[PDB]
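This report refers to the structure that appears directly beneath it.
Each reported figure results from applying straightforward, stated rules to the coordinates on display, with no laboratory input. Cβ atoms come from the backbone with ideal geometry, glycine included; neighbour counts cover every protein chain shown.
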Number of protein chains: 2
Amino acid sequence: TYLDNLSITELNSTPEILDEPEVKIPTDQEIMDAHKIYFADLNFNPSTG
Amino acid sequence: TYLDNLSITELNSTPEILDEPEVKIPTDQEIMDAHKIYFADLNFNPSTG
């Protein structure tokens, strides 16, 4: 039922993390196919067809 | 075999024709379909397609 020596102690010089370093980036290639509206630049030579 | 009166005579004031009056014309509609070579005149509006 018991043993009369038990303890919980500090063990300092032990942090975990700070400042929350962020590295993530999206790619989103499907929206980069979803620009189907467009327009072309033309030039008309005279006396041609 | 014979009868001894027969003759051939003039009956003048009788001409037929002179000066050869010409009236003819060709139509030639098939050559008038045989001009398949052609060319069109164009105009280019700017900033259009």
*Starting from the Cα of A:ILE8, step 7 Å along the direction of its Cβ; do the same at B:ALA40; then give the gap between the two resulting points in nm.*
8.9
*Considering the dipole of chain B built from charges on the beta carbon (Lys and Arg +1, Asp and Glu -1) around the Cα centre, which of B:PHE44, B:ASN12, B:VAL23 is farthest to its positive end?*
B:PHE44
